[PDB]
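Chain A is the first sequence line, chain B the second, and so forth, proteins listed ahead of strands; every chain is numbered from 1. Remember, it's 1-based here, ligands and their atoms both numbered in the order they're listed. The figures that follow rest on heavy atoms only: side chains count, while hydrogens, waters and symmetry mates do not.
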Amino acid sequence: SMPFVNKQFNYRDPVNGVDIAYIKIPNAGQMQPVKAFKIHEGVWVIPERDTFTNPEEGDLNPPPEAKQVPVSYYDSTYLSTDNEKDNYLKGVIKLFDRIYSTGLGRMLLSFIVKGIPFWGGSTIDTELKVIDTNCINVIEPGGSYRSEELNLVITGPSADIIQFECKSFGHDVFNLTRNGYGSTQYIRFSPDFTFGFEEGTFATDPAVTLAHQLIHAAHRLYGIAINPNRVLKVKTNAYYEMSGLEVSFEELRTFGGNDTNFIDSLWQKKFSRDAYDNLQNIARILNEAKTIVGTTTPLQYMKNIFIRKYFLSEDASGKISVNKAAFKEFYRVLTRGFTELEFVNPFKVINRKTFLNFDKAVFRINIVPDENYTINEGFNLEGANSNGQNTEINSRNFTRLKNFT
Amino acid sequence: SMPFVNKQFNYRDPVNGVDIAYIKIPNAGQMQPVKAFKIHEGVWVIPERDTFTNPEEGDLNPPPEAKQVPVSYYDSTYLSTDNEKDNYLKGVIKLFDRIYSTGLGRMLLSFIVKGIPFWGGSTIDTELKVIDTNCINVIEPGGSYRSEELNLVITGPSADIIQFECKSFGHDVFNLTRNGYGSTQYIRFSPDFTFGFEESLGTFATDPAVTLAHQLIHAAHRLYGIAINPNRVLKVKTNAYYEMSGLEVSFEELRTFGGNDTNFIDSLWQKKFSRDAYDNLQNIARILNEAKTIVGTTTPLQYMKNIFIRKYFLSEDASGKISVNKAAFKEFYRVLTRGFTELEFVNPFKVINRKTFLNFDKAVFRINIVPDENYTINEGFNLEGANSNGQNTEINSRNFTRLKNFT
Ligand SMILES: [Zn+2]
Ligand SMILES: [Zn+2]
């Protein structure tokens with residue numbers, strides 16, 4: 001019942017340079033400042049359509065029908081008015097509160113908040129330094145600017161309104177999402193739409209959809225995401241030779257349950273070994289660090305951030321190391337405790353059972369009013385059932401916009 | 001506690017032409033007669049190696065070792081002596097009694113006994129006639145034979161002892177297993193071996209009653225003509241240089257196993273399979289309504305119509321017109337496809353079991369279930385208590401002799 005977001009935010013609240021500010025994303029060259037809200041330590045929400053993180057995706061034009069995929073939805077006017085942005089902000093906040101009301105969501109969000117990208121940006125071996133792509137540029141009242149570290153940004157979707165994804169900026173030398181370091185994560189997401197599926201009789205709770213992307217973000221903030229070149233190719237058609245479906249190992253892991261079982265035990269051992277090896281490397285770097293630059297935080301306090309992040313051990317002499325048992329639990333939580341299917345019962349929802357059950361339609365929803373959707377029950381306000389997710393019974397809460405069939 | 005098999009059978013019991021006789025399968029061209037036991041109405045057991053249903057698999061020769069797959073087991077001497085065939089016979093009967101001791105198995109076996117293959121074999125549209133794939137020839141004193149209908153035959157395995165499967169004749173040219181008609185089913189099976197597996201990630205052994213129930217579920221689907229087309233398959237592949245082998249599993253197998261595997265079948269496929277089965281019952285209803293004669297039997301036409309009215313849970317109105325009731329079909333189809341799964345038997349049998357096909361068996365073990373000190377009708381291997389220590393191949397090591405690992 002403790003909320004994740006400890007104060008009320010309205011889109012029209014005046015900027016203050018602290019938790020309501022105009023910001024710019026350093027890797028986005030051509031952007032004008034956008035109003036953003038720091039809803040929790042390290043977590044910002046930008047209630048705008050994402051035209052700025054990627055130069056190529058800088059417009060909201062729907063492609064020609066022949067280039068569209070069936071599972072997509074376009075509306076260039078969505079999220080253009082202040083009333084819409086206020087509703088978007090409140091809906092995203094409500095979902096974080098819903099996630100945080102479960103034991104598992106509390107653990108997921110604590111990992112995310114603790115998951116400071118590693119300070120591995122110095123060329124000098126004994127010196128800790130931030131990596132500049134894990135910051136935003138904050139505009140302050142008075143015309144002054146500052147750089148500020150953060151872990152997670154939620155933005156509105158790009159052109160395709162239902163293409164939810166978790167992305168981050170790259171490094172010239174490191175694969176930050178896979179070398180244990182982590183990097184600031186940017187999630188495209190909308191609380192104003194959800195998908196329908198059949199046992200489109202039932203609507204997905206948008207809290208599950210956000211939790212899914214937050215699991216990708218946690219994997220990527222802890223630098224243990226599976227290489228996107230590890231992929232499973234699926235066919236259910238005896239006739240199409242080439243045509244089929246492709247799903248990454250990272251997606252099989254993140255979804256969980258029986259889908260993860262498509263990943264061989266030998267791959268799991270390898271990923272575990274690799275993540276353990278990368279923690280050992282980070283410990284060596286922390287042990288060899290003697291100076292720190294770009295902050296007034298003392299060196300030991302900065303080391304402690306990562307001792308806590310990676311559940312590292314420290315002995316009497318200050319030597320940092322990886323405890324095998326602590327790593328085992330750390331890795332289990334991140335890869336097996338945090339899955340989409342593990343959230344189904346804590347949320348008390350009905351949900352898709354596998355990636356092979358494709359969404360059938362997209363619906364408009366409005367979760368901000370408590371008579372429609374609550375923190376503790378989502379759509380299922382009336383009782384301990386999934387009638388609230390039934391798009392026929394509870395039809396007033398789900399307006400069908402497009403079928404994918 | 002009532003058994004499925006209401007009398008005792010010994011392999012050496014003298015033939016009697018009724019429930020112990022030498023038989024020939026008409027669709028198996030070159031087979032010599034084999035001793036068979038009618039353990040229940042419509043159900044026969046042939047306690048010998050299957051060298052006769054398929055002439056090409058008429059030998060027990062182990063293929064060249066270089067040609068063998070890891071998941072296989074060969075022993076040309078298994079089931080060669082009368083003592084072995086007797087032990088096989090009694091073990092299969094014991095598993096039927098174990099299945100029959102559960103409410104769900106009793107329902108499954110009731111569907112199997114009632115599931116007479118449809119009499120749709122006539123060249124004339126208005127005439128009911130048997131289809132020849134659904135009979136055996138029973139040898140009588142004097143060497144002459146008579147034709148007798150049946151639903152199910154259990155035989156010993158062919159060359160590969162652990163290749164358990166449910167098969168039927170005319171599968172190449174007929175669609176009897178998918179058009180609602182059904183056909184007599186032949187199961188290769190052994191109660192003398194079972195598989196070991198590890199709890200989800202060969203410490204635990206599968207209860208052979210679960211394995212037989214699995215094959216009987218295939219048989220029920222095929223006796224009711226609702227089997228999913230075997231070209232409906234789930235195929236997964238990775239890069240060709242990856243050690244981990246791609247996989248192939250039919251939709252029919254995903255359905256039969258149950259649980260989370262069935263969820264890999266998209267709802268749109270499920271709706272189609274249901275619609276197809278409903279349409280095929282409408283065809284059967286139309287054929288029964290238009291039937292005016294019956295041939296090859298003194299059973300009156302109306303009695304045979306009633307047999308299939310009951311089989312398919314068809315409705316009759318005041319005028320005698322047969323039709324499919326939507327609610328009756330929905331329940332009919334649910335029972336056959338959702339009620340009868342391998343995983344639905346796990347708790348009735350009180351066993352530990354694999355949860356998915358993606359958890360592959362690790363080994364094959366020799367077992368001996370006939371002695372009650374090893375395995376009972378009501379408890380299987382788990383004699384000790386309400387646990388699965390009886391299935392632990394380490395604790396209960398005396399009941400599981402490891403023969404081959406598949407890794
Ligand atoms: Zn995903
Ligand atoms: Zn099967």
Value rounded to 0.5 Å, distance of CD in A:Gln213 from CD1 in A:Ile154: 9.0 Å

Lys/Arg-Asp/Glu bridge criterion (N-O < 4.0 Å) met for B:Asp207, B:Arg98: yes

Shell of protein N/O/S atoms around the Zn ion (ligand 1), taken as anything under 2.8 Å: A:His212 NE2, A:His216 NE2, A:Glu251 OE1, A:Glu251 OE2

Salt bridge (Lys or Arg N to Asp or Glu O under 4.0 Å) involving B:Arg354 - partner list, sequence neighbours excluded: B:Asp361

Under-4.0 Å salt bridge between A:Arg220 and A:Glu250: no

Ionic contact status for B:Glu57 with B:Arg188, cut-off 4.0 Å: yes

B:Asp266 and A:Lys360 ion-paired at < 4.0 Å: yes

